[PDB]
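**Q** Below: one structure in structure tokens.
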Amino acid sequence: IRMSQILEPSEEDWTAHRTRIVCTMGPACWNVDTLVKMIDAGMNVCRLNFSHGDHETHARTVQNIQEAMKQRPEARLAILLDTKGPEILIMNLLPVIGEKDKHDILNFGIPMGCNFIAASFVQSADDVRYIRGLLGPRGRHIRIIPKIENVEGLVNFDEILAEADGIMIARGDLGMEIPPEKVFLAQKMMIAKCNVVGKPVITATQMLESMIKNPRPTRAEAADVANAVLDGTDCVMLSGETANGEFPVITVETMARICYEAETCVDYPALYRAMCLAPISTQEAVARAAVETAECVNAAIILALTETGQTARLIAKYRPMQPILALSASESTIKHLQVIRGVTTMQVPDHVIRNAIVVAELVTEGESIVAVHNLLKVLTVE
Amino acid sequence: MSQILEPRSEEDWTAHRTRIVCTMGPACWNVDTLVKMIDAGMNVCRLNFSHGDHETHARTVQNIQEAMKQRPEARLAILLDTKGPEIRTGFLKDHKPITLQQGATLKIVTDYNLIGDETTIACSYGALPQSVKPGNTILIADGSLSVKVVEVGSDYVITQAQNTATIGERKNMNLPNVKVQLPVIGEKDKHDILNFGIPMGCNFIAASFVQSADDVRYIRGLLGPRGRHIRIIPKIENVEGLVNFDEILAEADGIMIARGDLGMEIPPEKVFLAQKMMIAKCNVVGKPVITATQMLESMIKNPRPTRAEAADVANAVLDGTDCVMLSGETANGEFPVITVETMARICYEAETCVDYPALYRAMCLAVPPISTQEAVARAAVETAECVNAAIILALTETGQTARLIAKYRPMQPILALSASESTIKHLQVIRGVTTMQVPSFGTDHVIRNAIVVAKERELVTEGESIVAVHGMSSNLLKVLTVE
Amino acid sequence: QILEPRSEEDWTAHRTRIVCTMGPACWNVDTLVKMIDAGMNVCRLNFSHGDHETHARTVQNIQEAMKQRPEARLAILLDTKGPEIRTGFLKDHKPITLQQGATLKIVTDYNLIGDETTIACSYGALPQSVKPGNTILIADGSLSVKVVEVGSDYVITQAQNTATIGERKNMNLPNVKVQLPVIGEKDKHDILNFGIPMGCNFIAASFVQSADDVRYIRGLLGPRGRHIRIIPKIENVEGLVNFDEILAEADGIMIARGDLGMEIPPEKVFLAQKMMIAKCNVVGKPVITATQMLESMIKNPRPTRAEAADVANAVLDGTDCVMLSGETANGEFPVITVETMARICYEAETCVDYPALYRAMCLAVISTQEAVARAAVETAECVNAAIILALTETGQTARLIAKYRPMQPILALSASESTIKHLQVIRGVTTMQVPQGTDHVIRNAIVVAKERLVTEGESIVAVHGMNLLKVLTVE
Amino acid sequence: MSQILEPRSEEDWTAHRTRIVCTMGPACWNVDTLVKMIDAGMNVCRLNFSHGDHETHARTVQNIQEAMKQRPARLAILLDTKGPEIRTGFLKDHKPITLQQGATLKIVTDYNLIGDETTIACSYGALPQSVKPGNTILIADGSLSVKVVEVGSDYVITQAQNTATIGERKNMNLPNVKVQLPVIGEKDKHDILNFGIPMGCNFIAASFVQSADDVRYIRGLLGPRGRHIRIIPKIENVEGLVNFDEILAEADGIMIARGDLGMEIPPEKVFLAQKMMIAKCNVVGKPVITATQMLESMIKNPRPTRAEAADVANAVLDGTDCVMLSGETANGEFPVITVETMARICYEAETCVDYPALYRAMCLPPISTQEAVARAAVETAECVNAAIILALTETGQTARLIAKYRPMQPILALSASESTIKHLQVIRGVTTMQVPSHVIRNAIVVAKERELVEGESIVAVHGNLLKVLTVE
């Protein structure tokens with residue numbers, strides 16, 4: 001590799017980054033016109049911060065998200081409810097889900113169509129079980145993403161992960177609970193444990209903070225974000241940068257550019273062999289086979305036909321160089337998938353495989369395609 | 001050191017992956033003999049057209065068919081082995097054998113009317129003096145007499161004998177390092193191909209003494225649209241066939257290695273190299289290879305082979321042969337059935353040494369830009385090991401899919417499903433493959449009924465894993481659980 | 001397991017080398033001694049400031065610190081001033097405020113006292129270098145302006161953001177080559193009249209833009225500066241674009257991240273650092289990661305999370321050295337900062353897969369010397385070797401082994417004073433001065449490791465180039 | 001195919017790695033042809049103590065010593081014991097008998113009985129206490145097979161499975177039955193102690209080894225005076241196979257007698273036994289000799305058969321250290337020509353050898369220091385593309401450890417020890433050079449003369465040290 005290749009400046013290319021982007025809602029990005037513009041910049045998930053505001057405030061946000069998707073029919077934004085929880089003022093030293101949090105989950109989260117609950121200050125697996133039970137019949141389409149923000153939740157992380165659907169890592173908050181020289185270790189460990197098990201991880205806090213005021217990040221900030229991507233993060237999350245910042249749109253597209261530059265350094269063939277080293281099921285074996293065949297026939301796209309999302313997730317876990325287009329009839333599965341690195345989505349009603357390749361300018365005529373369902377198909381665009 | 005020594009049960013040795021070709025003859029003309037040979041492991045019936053006529057061979061075919069009616073699950077392929085070019089000495093005075101002294105002159109003439117003596121004999125090959133030059137060696141009577149060419153004219157050659165030997169009338173002759181100018185497919189061989197091979201349902205033509213790709217292209221042209229369901233298997237028997245092997249193989253559908261004949265054309269210590277080289281090259285492109293001649297010769301008269309015979313057969317299997325061939329052992333021997341059992345038993349012993357993971361890895365490195373069909377075949381073999389499948393199903397019309405899987409030599413049996421009767425027959429020559437004919441077909445119900453038939457045949461138990469593959473331009477890999 | 005604090009015995013044994021910048025905060029001998037204890041390996045003299053008299057006094061303080069710590073063999077690195085671009089003086093020395101969208105004239109007449117509308121520039125070739133659309137950064141990038149017009153002695157620019165700037169502030173010219181001598185008369189004077197006589201072991205050359213620059217310093221050093229090694233600093237696009245030709249001529253590389261961030265888009269600098277570290281790794285040339293390391297520690301006794309991660313990731317990229325600048329030169333906590341970096345380095349070395357580092361190096365790169373160095377690393381892993389002995393005159397044997405990043409400590413044995421100092425820049429190498437045959441040298445070295453690194457009856461791999469590999473047991 | 005079909009020069013096939021053992025006898029006794037066999041490829045001289053007397057064998061040892069004076073080549077001398085033998089008795093009027101298939105044949109313990117077609121004697125007195133109904137007895141090289149139907153106190157009743165004609169005092173095999181006779185009897189004891197030790201034999205090849213006790217018995221028998229002699233158990237029967245692992249553990253090397261194994265086990269299983277045994281010797285670095293049924297047709301013919309050459313080739317490909325000639329050199333018309341042919345076959349088979357695969361297979365037991373250095377030396381030699389490997393050794397261990405990894409480059413072993421030098425004539429890939437007792441520079445000064453190695457790289461090893469030099 002020559003250096004000149006690194007220094008090359010393209011709208012169509014960085015738009016096709018693999019890492020997913022979570023943006024926090026707030027006064028600065030609420031508007032339909034801004035949300036529509038953020039979708040174009042690469043927004044995948046909208047976070048509702050229930051630390052502030054009430055049900056009336058967040059309802060109008062959700063309606064604005066809904067109207068933003070009306071202008072972008074090809075987009076499917078997931079909505080994530082981030083709890084207040086039991087929240088050295090530089091404040092650190094109560095139930096994880098109290099009456100207020102429970103009211104938010106039951107009487108907003110469920111009826112308003114939120115796809116994820118990001119639960120603040122989770123300390124044990126019992127917390128996740130409590131939330132799971134809280135959701136119950138009516139909330140079965142909602143996924144749980146605990147936030148590891150303290151020593152307790154770090155200590156019980158394995159059992160938290162086993163119960164959870166995904167994880168959010170709050171680095172800034174962790175750095176106030178453990179020594180700063182060790183947070184990078186904790187972050188690496190947690191992402192890797194999430195990766196080996198195919199569960200989405202979101203890297204949160206202290207991302208591009210200076211962009212709240214500035215239209216450009218620092219060298220330090222960009223590099224910090226890049227290493228989260230190289231650690232193996234599925235998602236990167238903006239907080240104040242989008243909620244209260246002066247450049248919400250420019251921040252998202254900047255984030256997309258950081259992600260694209262970081263995914264450049266990613267060794268895809270070695271990432272496959274590493275996941276193979278760390279017996280296995282039929283569906284696991286077929287997903288591996290699919291990823292192998294895809295590089296082998298130099299596939300343009302991998303089609304993951306899925307109802308529950310498991311097939312897409314299983315393939316994404318092996319981090320293929322090829323884009324994964326997930327095809328599903330389930331509306332919530334499509335929403336849950338917005339948090340999975342390397343996956344994009346298409347809603348569908350065997351004709352699906354043929355009719356998808358028509359919609360997909362993702363392919364050229366005569367290019368190879370690897371479709372998967374306990375089966376693996378290899379096709380050529382006709 | 002004692003697991004090597006334990007006696008092997010019929011249940012075990014009948015499950016060997018290597019395929020057995022048996023030559024038809026008076027020793028196995030009988031329908032009851034043929035049925036027992038099926039049970040012993042016979043997969044292909046060779047009809048040697050060096051002897052017999054269209055009537056006698058047609059009768060043999062009826063006997064094979066009658067045998068197959070007693071074994072309806074067996075699908076014997078029929079292979080026509082051509083006579084091809086033959087070179088023979090002439091007659092001798094009073095029909096009495098002659099002794100040649102070492103260092104003595106022997107004139108060989110092209111007048112085949114010439115009744116010979118110890119100083120002059122005839123050759124059936126009229127272009128002998130235009131083929132052989134001074135310094136060339138001529139082998140007579142299975143190389144028992146060796147003579148060196150000293151002088152050539154238009155209708156004769158003068159030779160010096162290199163050893164002391166006694167020869168009879170009409171004995172065979174070899175021309176080491178000289179191309180034979182006789183047609184590889186003469187009017188008689190053409191007649192055999194067109195007027196027997198096609199209408200009698202022969203599946204393969206094994207062409208004796210192929211010396212160039214032109215020879216194969218000629219046979220293909222000869223067969224034509226009417227002979228399109230027939231595969232061409234050149235026999236490699238001399239230097240010309242060795243030198244032109246890559247071109248021959250590119251045109252061929254499979255290869256037969258005739259070791260004993262090669263031994264009459266090149267030095268003995270080079271034949272083992274040519275066999276390995278040729279097997280490996282066939283393996284690399286997934287084209288079937290048959291190792292033939294000098295296999296279990298001692299079993300023509302003995303119920304047991306020698307140590308060396310069995311070691312020879314074993315090493316052909318370890319070299320990567322698809323097929324092993326019996327000739328006079330089945331055709332004219334006292335123990336045709338026991339010889340097929342012994343062959344099957346040796347194959348099974350040799351396949352014990354086979355490291356399947358290492359063979360798959362060797363092949364992946366061997367094949368360079370690979371096709372969709374091959375990549376799915378690779379994946380199917382790899383997936384089968386990974387899920388510990390009992391069986392691999394190859395659904396195939398042309399046989400390509402099954403041939404591609406077999407090429408990577410999986411530890412599990414390949415059950416090939418086809419609607420094409422000729423493809424079922426062509427696959428009898430492919431190592432590791434068993435066959436099951438199905439009606440024309442939608443893939444899901446075909447796999448479903450295949451598991452039902454495979455369950456009763458004791459190939460799969462309920463709960464076991466199965467890999468199924470269907471190829472051609474959509475390709476498919478499917479993993480299922482036996483119900 | 002990650003919540004468990006490290007003891008000093010653990011973290012002091014980190015393998016990454018530490019360069020510390022000299023300055024008033026670590027001027028006194030006692031502070032330098034504590035910094036050695038904390039893990040300082042190389043002393044950077046920053047020749048952007050001071051003179052031959054003041055820097056000589058610093059060297060004498062370094063030497064005095066070394067008398068108290070006889071085991072330390074600190075290398076001294078001279079960092080050239082190099083080319084600088086600077087804004088001019090302002091009316092009444094008052095700082096000026098530029099409003100976004102407003103035009104600013106930049107003139108090449110450095111005698112001009114500027115205002116809100118017009119400022120001077122020290123770089124006379126500015127109109128020759130810059131074209132419409134080029135960005136000019138002023139005062140650590142706090143002000144960005146875009147070129148709109150070029151003239152003979154002027155450039156007309158549009159303010160990209162609102163900012164207040166003072167007098168004589170730094171300027172950057174992203175994507176433009178600076179047509180100033182990388183080694184000017186002042187730099188040459190420093191190299192020849194301080195670098196050589198004063199016992200400097202490295203020249204870190206600021207703002208290297210071509211291999212031409214390196215060939216020049218080498219030619220300048222000549223026979224007399226033969227014991228001195230050249231470490232180009234890559235700080236702009238030109239150094240980047242020509243990186244490979246620079247590396248080929250160079251003895252090592254210093255990466256100036258903070259300065260590169262003033263020259264290229266920020267998202268591309270982490271990429272440049274990775275690519276360059278890898279390239280130095282493949283040819284076994286030492287690389288120093290520099291600037292914006294533990295900056296907040298100039299004022300604070302602890303680093304930020306982001307700072308810790310940045311240093312850790314440089315180690316994980318494969319850096320030989322990490323460098324402190326202001327943190328040791330002008331900071332409130334020079335000693336504590338060195339300890340902290342040594343600790344981060346030890347924590348990051350925890351995440352290193354050494355068998356993978358050996359295997360990847362074997363696929364990336366064979367000379368007799370390199371083969372034996374390769375065989376030595378593998379053999380060391382094959383037996384349960386405690387340390388690797390590298391007998392070397394030039395330091396090459398030691399470097400060739402270090403390149404393969406063995407899990408074992410490398411003890412480098414040398415009679416050469418300057419080789420011992422050169423190796424202070426090599427990751428995973430510790431050094432030992434020796435006068436002696438190839439067998440007598442291995443003997444006394446085994447006894448000195450016992451009085452430190454080897455228990456009774458452990459395997460030891462010894463390597464000697466001249467090319468032998470020896471496997472011994474401690475007895 | 002062109003590369004395969006090119007005639008190999010004498011310069012090339014002389015440089016083969018596999019070692020050749022030649023059996024001594026009337027056809028090769030004399031110094032003249034013995035010298036000519038040396039530079040055909042003979043590495044080891046086998047003395048067959050089934051025949052001849054001490055004076056007869058002493059004249060041979062003398063002829064070897066004289067031949068080595070004319071080629072100063074260092075031939076190992078191997079003493080091959082007679083061991084236990086089972087034999088049929090004498091016959092009526094000294095005339096052969098033929099037995100018809102299905103016919104009854106009684107076999108008796110009384111060796112004084114002059115036999116009929118109905119009854120013969122056997123020299124093995126424990127026959128009726130060894131063999132049981134259902135066992136097979138093989139007579140005269142497996143010419144005749146009989147099955148045991150009945151056993152008495154001093155007789156066995158059998159049924160001929162085969163029509164065959166047998167003469168007097170023919171050999172007998174008891175497939176799957178242990179021969180309850182001393183493997184080393186008083187006569188074998190006399191041969192080893194009063195010929196082997198005094199006449200300068202380097203190896204004892206022990207016929208018909210059935211137990212590891214047999215090996216330990218010979219070792220104690222040699223004691224201090226025979227400590228420079230190495231023991232090669234021959235594996236010839238089921239007991240030898242069943243006890244192979246512990247036999248090999250006590251052995252210095254192994255001789256596989258295929259032809260005799262084919263008389264003791266089913267023929268289709270011998271190739272497995274040979275493959276297993278060769279591999280097990282390779283794993284442990286102990287030399288293995290492939291003996292019997294090599295180039296038998298060359299007793300009468302100047303050329304081998306297609307099948308014979310291929311059998312030899314696959315022994316080399318299995319990983320045999322040595323191939324052995326028996327009657328081809330002991331008797332037979334073309335002893336010299338047979339050695340050349342053997343060397344040429346070995347050279348062709350060694351063309352198929354995948355050397356990078358062999359090193360990685362041997363690498364695929366927490367290894368020792370000297371083993372690690374030997375691996376490193378093979379790894380380095382390939383990396384550096386060395387001309388030769390120099391192995392400095394007194395016990396031979398360093399040379400044997402290197403050869404085990406089967407390097408592409410020839411191993412020149414250098415030793416002060418006369419016995420070590422001769423012990424190494426049995427190690428594939430090794431050639432030897434005696435050193436007076438630094439030594440590397442003088443070895444390179446002689447290697448350059450022998451056209452083996454200016455500018456080339458050389459890997460030298462001492463066992464723990466490795467060196468890479470470049471010749472001037």
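Ligands are numbered from 1 in the order shown, chains are lettered A, B, ... in the order of the structure tokens, and residues start at 1 in each chain.
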DSSP on the backbone, then: every residue of stretch 395-433 of chain B marked alpha helix (DSSP H), written as a list in words.

**A**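 Filtering stretch 395-433 of chain B down to alpha helix (DSSP H) leaves residues 400, 401, 402, 403, 404, 405, 406, 407, 421, 422, 423, 424, 425 and 426 of chain B.
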
**Q** Find the nearest atom pair between each residue of chain D and chain C for residues within 12 Å, count only C-alpha atoms, give distances in Å to one decimal, sort rows by chain and ascending number, and present the table as a Markdown table.

**A**
| residue | atom | partner | partner_atom | distance |
| --- | --- | --- | --- | --- |
| D:363 | CA | C:382 | CA | 11.2 |
| D:365 | CA | C:382 | CA | 11.8 |
| D:366 | CA | C:383 | CA | 8.5 |
| D:367 | CA | C:383 | CA | 7.5 |
| D:368 | CA | C:383 | CA | 7.3 |
| D:369 | CA | C:383 | CA | 6.5 |
| D:370 | CA | C:471 | CA | 8.5 |
| D:371 | CA | C:383 | CA | 9.8 |
| D:372 | CA | C:379 | CA | 6.2 |
| D:373 | CA | C:379 | CA | 7.1 |
| D:374 | CA | C:379 | CA | 10.1 |
| D:375 | CA | C:379 | CA | 8.6 |
| D:376 | CA | C:375 | CA | 5.7 |
| D:377 | CA | C:375 | CA | 8.2 |
| D:378 | CA | C:375 | CA | 10.1 |
| D:379 | CA | C:375 | CA | 7.6 |
| D:380 | CA | C:371 | CA | 6.1 |
| D:381 | CA | C:371 | CA | 9.0 |
| D:382 | CA | C:371 | CA | 9.8 |
| D:383 | CA | C:366 | CA | 6.6 |
| D:384 | CA | C:368 | CA | 6.1 |
| D:385 | CA | C:366 | CA | 9.3 |
| D:386 | CA | C:368 | CA | 9.9 |
| D:456 | CA | C:368 | CA | 11.2 |
| D:457 | CA | C:368 | CA | 8.3 |
| D:458 | CA | C:368 | CA | 10.0 |
| D:459 | CA | C:468 | CA | 9.7 |
| D:460 | CA | C:468 | CA | 9.2 |
| D:461 | CA | C:469 | CA | 9.4 |
| D:462 | CA | C:470 | CA | 9.4 |
| D:463 | CA | C:471 | CA | 9.6 |
| D:464 | CA | C:471 | CA | 5.3 |
| D:465 | CA | C:470 | CA | 4.6 |
| D:466 | CA | C:469 | CA | 5.0 |
| D:467 | CA | C:468 | CA | 4.4 |
| D:468 | CA | C:467 | CA | 5.4 |
| D:469 | CA | C:467 | CA | 6.9 |
| D:470 | CA | C:368 | CA | 9.0 |

**Q** Export, as an mmCIF file, in the first residue's frame, the selected residues with C-alpha atoms.

**A**
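Contents of out37.cif, freshly written:
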data_model
loop_
_atom_site.group_PDB
_atom_site.id
_atom_site.type_symbol
_atom_site.label_atom_id
_atom_site.label_comp_id
_atom_site.auth_asym_id
_atom_site.auth_seq_id
_atom_site.Cartn_x
_atom_site.Cartn_y
_atom_site.Cartn_z
ATOM 1 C CA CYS D 363 6.804 -31.546 13.672
ATOM 2 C CA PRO D 365 5.897 -34.921 23.498
ATOM 3 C CA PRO D 366 7.544 -31.728 24.856
ATOM 4 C CA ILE D 367 10.712 -31.775 22.706
ATOM 5 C CA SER D 368 14.333 -31.563 23.917
ATOM 6 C CA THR D 369 17.039 -28.916 23.366
ATOM 7 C CA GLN D 370 19.075 -30.982 20.880
ATOM 8 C CA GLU D 371 15.865 -31.888 19.020
ATOM 9 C CA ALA D 372 14.861 -28.196 18.851
ATOM 10 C CA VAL D 373 18.293 -27.253 17.432
ATOM 11 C CA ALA D 374 18.049 -30.050 14.845
ATOM 12 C CA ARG D 375 14.613 -28.715 13.771
ATOM 13 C CA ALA D 376 15.995 -25.161 13.653
ATOM 14 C CA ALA D 377 18.940 -26.406 11.528
ATOM 15 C CA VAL D 378 16.621 -28.086 8.975
ATOM 16 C CA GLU D 379 14.352 -24.994 8.978
ATOM 17 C CA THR D 380 17.361 -22.700 8.484
ATOM 18 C CA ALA D 381 19.008 -24.788 5.731
ATOM 19 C CA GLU D 382 15.828 -24.562 3.616
ATOM 20 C CA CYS D 383 15.393 -20.822 4.371
ATOM 21 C CA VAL D 384 18.998 -20.012 3.489
ATOM 22 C CA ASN D 385 19.083 -22.541 0.595
ATOM 23 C CA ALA D 386 22.153 -24.297 2.019
ATOM 24 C CA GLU D 456 27.075 -21.382 -1.235
ATOM 25 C CA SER D 457 25.658 -21.380 2.301
ATOM 26 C CA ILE D 458 26.359 -24.217 4.754
ATOM 27 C CA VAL D 459 24.502 -25.039 7.985
ATOM 28 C CA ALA D 460 26.617 -26.688 10.668
ATOM 29 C CA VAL D 461 25.323 -28.141 13.934
ATOM 30 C CA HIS D 462 26.872 -29.464 17.158
ATOM 31 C CA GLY D 463 24.929 -31.226 19.923
ATOM 32 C CA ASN D 464 23.703 -27.304 21.510
ATOM 33 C CA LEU D 465 24.923 -25.159 18.614
ATOM 34 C CA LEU D 466 23.931 -24.052 15.123
ATOM 35 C CA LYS D 467 26.130 -22.213 12.603
ATOM 36 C CA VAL D 468 25.531 -20.654 9.205
ATOM 37 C CA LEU D 469 28.719 -20.129 7.215
ATOM 38 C CA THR D 470 29.378 -19.156 3.607
#

**Q** For stretch 28-35 of chain A, list every protein, DNA or RNA residue within 9 Å, evaluated using only C-alpha atoms, and leave out those in the same chain fewer than 4 positions away; present the list as a ChimeraX atom specification.

**A** /A:24,39-40,43,60-61,64-69,71,241-249

**Q** Restrict the selected residues to N, CA and C atoms and save them as a short mmCIF file (atom, residue, chain, number, x, y, z; two decimals), in the first residue's frame.

**A**
data_model
loop_
_atom_site.label_atom_id
_atom_site.label_comp_id
_atom_site.auth_asym_id
_atom_site.auth_seq_id
_atom_site.Cartn_x
_atom_site.Cartn_y
_atom_site.Cartn_z
N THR A 24 -28.63 10.38 19.26
CA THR A 24 -29.53 10.80 20.33
C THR A 24 -30.40 11.98 19.88
N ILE A 39 -30.66 10.85 8.10
CA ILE A 39 -30.81 9.54 7.46
C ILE A 39 -29.86 9.43 6.27
N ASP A 40 -29.83 10.47 5.43
CA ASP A 40 -28.91 10.54 4.29
C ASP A 40 -27.44 10.50 4.74
N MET A 43 -27.61 7.85 9.58
CA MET A 43 -28.27 7.52 10.83
C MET A 43 -29.04 6.20 10.73
N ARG A 60 -43.77 13.40 20.31
CA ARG A 60 -43.61 14.28 19.15
C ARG A 60 -42.32 13.96 18.38
N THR A 61 -41.28 13.54 19.11
CA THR A 61 -40.03 13.09 18.52
C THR A 61 -40.25 11.83 17.67
N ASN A 64 -42.15 12.64 14.60
CA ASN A 64 -41.21 13.26 13.65
C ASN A 64 -40.28 12.25 12.98
N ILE A 65 -39.83 11.25 13.74
CA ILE A 65 -39.09 10.10 13.19
C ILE A 65 -39.96 9.36 12.16
N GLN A 66 -41.21 9.10 12.53
CA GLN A 66 -42.18 8.43 11.65
C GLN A 66 -42.41 9.20 10.34
N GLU A 67 -42.44 10.53 10.43
CA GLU A 67 -42.61 11.38 9.25
C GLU A 67 -41.31 11.52 8.44
N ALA A 68 -40.18 11.36 9.11
CA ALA A 68 -38.87 11.34 8.44
C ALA A 68 -38.71 10.09 7.58
N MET A 69 -39.24 8.97 8.07
CA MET A 69 -39.25 7.72 7.32
C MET A 69 -40.23 7.73 6.15
N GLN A 71 -40.64 10.32 4.18
CA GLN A 71 -39.87 10.99 3.13
C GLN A 71 -38.72 10.13 2.61
N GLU A 241 -23.69 15.59 20.64
CA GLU A 241 -23.29 16.05 19.30
C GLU A 241 -24.49 16.22 18.37
N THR A 242 -25.51 15.39 18.57
CA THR A 242 -26.73 15.45 17.76
C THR A 242 -27.93 16.04 18.52
N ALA A 243 -27.99 15.79 19.83
CA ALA A 243 -29.10 16.25 20.66
C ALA A 243 -29.11 17.76 20.89
N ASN A 244 -27.92 18.32 21.16
CA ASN A 244 -27.76 19.72 21.53
C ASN A 244 -26.64 20.44 20.77
N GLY A 245 -26.06 19.77 19.78
CA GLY A 245 -24.95 20.33 19.02
C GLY A 245 -25.36 21.31 17.94
N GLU A 246 -24.37 21.99 17.38
CA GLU A 246 -24.62 22.97 16.34
C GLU A 246 -24.55 22.36 14.94
N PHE A 247 -23.94 21.18 14.85
CA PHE A 247 -23.74 20.50 13.57
C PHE A 247 -24.18 19.03 13.62
N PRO A 248 -25.48 18.76 13.85
CA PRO A 248 -25.91 17.36 13.95
C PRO A 248 -25.67 16.54 12.67
N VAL A 249 -25.99 17.13 11.51
CA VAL A 249 -25.84 16.46 10.21
C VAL A 249 -24.36 16.22 9.85
#

**Q** Mind dumping a table of every chain C residue within 9 Å of chain A, with the nearest atom pair and its distance in Å to one decimal, using only C-alpha atoms, sorted by chain and rising number, as a Markdown table?

**A**
| residue | atom | partner | partner_atom | distance |
| --- | --- | --- | --- | --- |
| C:2 | CA | A:182 | CA | 7.0 |
| C:3 | CA | A:178 | CA | 7.4 |
| C:237 | CA | A:7 | CA | 8.4 |
| C:240 | CA | A:3 | CA | 6.2 |
| C:241 | CA | A:3 | CA | 5.5 |
| C:242 | CA | A:3 | CA | 7.9 |
| C:243 | CA | A:3 | CA | 7.3 |
| C:244 | CA | A:2 | CA | 8.2 |
| C:257 | CA | A:219 | CA | 7.8 |
| C:258 | CA | A:219 | CA | 7.1 |
| C:260 | CA | A:219 | CA | 8.7 |
| C:261 | CA | A:219 | CA | 5.6 |
| C:262 | CA | A:219 | CA | 8.8 |
| C:264 | CA | A:7 | CA | 7.8 |
| C:265 | CA | A:219 | CA | 8.1 |
| C:266 | CA | A:219 | CA | 4.4 |
| C:267 | CA | A:222 | CA | 5.3 |
| C:268 | CA | A:261 | CA | 6.9 |
| C:269 | CA | A:219 | CA | 6.7 |
| C:270 | CA | A:223 | CA | 5.3 |
| C:271 | CA | A:6 | CA | 7.1 |
| C:272 | CA | A:6 | CA | 7.2 |
| C:274 | CA | A:265 | CA | 8.5 |
| C:275 | CA | A:3 | CA | 7.9 |
| C:276 | CA | A:3 | CA | 8.9 |
| C:292 | CA | A:220 | CA | 8.1 |
| C:302 | CA | A:180 | CA | 8.1 |
| C:303 | CA | A:180 | CA | 6.9 |
| C:304 | CA | A:180 | CA | 6.1 |
| C:305 | CA | A:180 | CA | 4.5 |
| C:306 | CA | A:224 | CA | 6.7 |
| C:307 | CA | A:220 | CA | 8.3 |
| C:308 | CA | A:181 | CA | 5.2 |
| C:309 | CA | A:184 | CA | 5.4 |
| C:310 | CA | A:224 | CA | 7.0 |
| C:312 | CA | A:184 | CA | 7.9 |
| C:313 | CA | A:227 | CA | 7.8 |
| C:340 | CA | A:181 | CA | 8.3 |
| C:343 | CA | A:181 | CA | 8.0 |
| C:344 | CA | A:181 | CA | 6.1 |
| C:347 | CA | A:182 | CA | 7.7 |
| C:348 | CA | A:185 | CA | 8.0 |
| C:351 | CA | A:185 | CA | 8.3 |

**Q** One decimal, Å: what's the distance from atom CA of residue B:40 over to atom CA of residue D:146, could you say?

**A**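 Rounded to one decimal, the two atoms are 26.3 Å apart.
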
**Q** Just the number, please: distance in Å from atom CA of residue B:352 to atom CA of residue B:304, one decimal.

**A**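 Interatomic distance, atom CA of residue B:352 to atom CA of residue B:304: 20.8 Å.
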
**Q** Give me, as a list in words, all polymer residues having an atom no more than 9 Å from residue B:61, counting only C-alpha atoms and skipping those fewer than 6 positions away in the same chain.

**A**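 Skipping anything fewer than 6 positions along the chain leaves residues 47, 78, 200 and 201 of chain B.
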